[PDB]
Amino acid sequence: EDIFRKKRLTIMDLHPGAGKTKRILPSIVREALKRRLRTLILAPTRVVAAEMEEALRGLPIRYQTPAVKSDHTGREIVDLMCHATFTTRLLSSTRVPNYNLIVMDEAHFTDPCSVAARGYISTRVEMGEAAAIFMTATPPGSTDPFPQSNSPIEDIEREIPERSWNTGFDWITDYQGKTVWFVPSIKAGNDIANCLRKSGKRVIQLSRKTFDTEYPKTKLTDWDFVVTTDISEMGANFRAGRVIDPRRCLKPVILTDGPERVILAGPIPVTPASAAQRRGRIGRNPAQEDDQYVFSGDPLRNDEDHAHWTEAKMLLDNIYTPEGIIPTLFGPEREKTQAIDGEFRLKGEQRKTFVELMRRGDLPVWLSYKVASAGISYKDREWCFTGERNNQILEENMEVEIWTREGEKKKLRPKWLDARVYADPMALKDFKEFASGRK
Ligand SMILES: Nc1ncnc2c1ncn2[C@@H]1O[C@H](COP(=O)(O)OP(=O)(O)NP(=O)(O)O)[C@@H](O)[C@H]1O
Ligand SMILES: [Mn+2]
């Protein structure tokens, strides 16, 4: 009603399962179409976008790939894209439309590109150019781990194995229904999934990189356990009876004591918002009344040292605005770290390189910023090899060595050390491909 008025930013914070995605958003879109508004819908991931455009099956929805920088048809159409696609387009295009209504679904997503998107959108709204709707059961500052739900949930607090077990946890395997198990890391998930698989359990693993291909498999009944990272907090719909949640995550932190680096701290306790979102995967079905949330430990609200707050600013400082509008993070997320105006603004080829390192090289934001602001070209991989001794990367205790594009053998020893590029087997493989200049 007033939600369509420019300069309004609405936080739709109805409880998990309430129907924000599948009933309320469709209504908003049908009404936006009636008012002839230029509408953008943002989904956390590709497969969720795919689920969104079936809830909107009657309507003129156009999914937008990030392989395309802009797509203007000149017709009445509603654009649908991932959070990251939007921020990627803002970094590389000028022809980003003046959407006057922007809905972010699952607006609790704390991935840097999502935080950056919210910052951008809030500013567009404040300019009087747009109205905006952020949809999430857990907006910034959320502290209630046990929000209301469609059907009753049994909250069971008990010990949960961190790794492979052999005895003392019969309740895990004797349970008769389907379970979603949130683990802090891919390695932790690998361990757990293999322990369950030896007992004859069918397991699907989910992480950020495999979500788009693995998540669809969970839509079948041909499984017993899902073992997932925090990616499933973003609007993932499961038909399950139980969540297991030791409430642990890894958190990237930029250390500034001496040589600046990114570590993965933890496992540490999750935020209340994360715990609520994990719990909120169950109790979704009014017909199904004895869902369980099995958990361990209390949340920790203070995530102020999380790298993602800085990284969002790095992105935002490089998305262009009129003069003199200053880029800024949205709402209370603005208060996570100290803002410094223009701190991360890059110019010329340094900026182009920054974007390319993230897009083409699939490098973390901080790492890309570090390389780009040193005046290093995208294709110049020498920095992968010229780090200090403590930056030597190890795989199975042994020193990782790389055959380079030019037919040279070099020890993998990056000048800037970001723990995320070797945090797991797939991450390390990718970084090895990058260091060898095969992308
Ligand atoms: N594909 C589906 N088929 C049948 N029911 C579904 C399907 N997807 C979702 N649901 C149910 O539809 C109801 C509302 O879903 P939804 O619109 O995603 O709620 P929500 O508010 O977006 N949840 P959340 O994002 O966790 O806060 C829930 O009971 C879901 O379990
Ligand atoms: Mn939702």
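Counting convention: from 1, in listed order, for ligands and their atoms alike. This chain uses plain numbering: 1 for the first residue, then up along the sequence. Atom set for the values below is all heavy atoms of this structure, side chains included, hydrogens, waters and symmetry mates excluded.
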Metal proximity, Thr136 vs the Mn ion (ligand 2), N/O/S cut-off 2.8 Å: no
Should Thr179 and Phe238 count as side-chain neighbours, where that means a heavy-atom distance under 4.5 Å? no
Determine whether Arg420 and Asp424 satisfy the following criterion, salt bridge (charged side-chain N to carboxylate O under 4.0 Å, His left out), listing intermediate values before the conclusion. CA-CA 8 Å; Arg420 292 167 285 191; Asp424 94 290; over 6 Å; no
Are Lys217 and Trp223 in a cation-pi setup, meaning NZ or CZ lies under 6.0 angstrom from the ring centre and within 45 degrees of the ring axis? no
Could you tell me if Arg345 sits above the aromatic ring of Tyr320, with its cationic atom closer than 6.0 Å to the ring centre and no more than 45 degrees from the axis? yes
Among the N, O or S atoms of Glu106, the one nearest the Mn ion (ligand 2): OE2
What is the ring orientation for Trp309 with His306, classed by angle as parallel under 30°, tilted 30 to 60°, or perpendicular over 60°? perpendicular
Do we get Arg197 above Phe225's six-membered ring, with its NZ or CZ under 6.0 Å from the centre and within 45° of the axis? no
Quick one: is the NZ or CZ of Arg158 closer than 6.0 Å to the six-membered ring centre of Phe295, and within 45° of its axis? no
Starting from the N and O atoms of ligand 1, find every protein N or O within less than 3.5 Å and list the pair with its distance.
{"residue": "ligand 1", "atom": "8 (N)", "partner": "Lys22", "partner atom": "NZ", "Å": "3.3"}
{"residue": "ligand 1", "atom": "17 (O)", "partner": "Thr21", "partner atom": "N", "Å": "3.3"}
{"residue": "ligand 1", "atom": "17 (O)", "partner": "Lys22", "partner atom": "N", "Å": "2.8"}
{"residue": "ligand 1", "atom": "19 (O)", "partner": "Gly19", "partner atom": "N", "Å": "3.3"}
{"residue": "ligand 1", "atom": "21 (O)", "partner": "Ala18", "partner atom": "N", "Å": "3.3"}
{"residue": "ligand 1", "atom": "21 (O)", "partner": "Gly19", "partner atom": "N", "Å": "3.1"}
{"residue": "ligand 1", "atom": "21 (O)", "partner": "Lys20", "partner atom": "N", "Å": "3.1"}
{"residue": "ligand 1", "atom": "21 (O)", "partner": "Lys20", "partner atom": "NZ", "Å": "2.8"}
{"residue": "ligand 1", "atom": "22 (O)", "partner": "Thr21", "partner atom": "N", "Å": "3.2"}
{"residue": "ligand 1", "atom": "22 (O)", "partner": "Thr21", "partner atom": "OG1", "Å": "3.0"}
{"residue": "ligand 1", "atom": "23 (N)", "partner": "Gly17", "partner atom": "N", "Å": "3.0"}
{"residue": "ligand 1", "atom": "23 (N)", "partner": "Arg284", "partner atom": "NH2", "Å": "3.2"}
{"residue": "ligand 1", "atom": "25 (O)", "partner": "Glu106", "partner atom": "OE1", "Å": "3.3"}
{"residue": "ligand 1", "atom": "25 (O)", "partner": "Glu106", "partner atom": "OE2", "Å": "3.1"}
{"residue": "ligand 1", "atom": "26 (O)", "partner": "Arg281", "partner atom": "NH2", "Å": "2.9"}
{"residue": "ligand 1", "atom": "26 (O)", "partner": "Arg284", "partner atom": "NH1", "Å": "2.8"}
{"residue": "ligand 1", "atom": "27 (O)", "partner": "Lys20", "partner atom": "NZ", "Å": "2.6"}
{"residue": "ligand 1", "atom": "29 (O)", "partner": "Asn150", "partner atom": "ND2", "Å": "3.4"}
{"residue": "ligand 1", "atom": "29 (O)", "partner": "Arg284", "partner atom": "O", "Å": "2.7"}

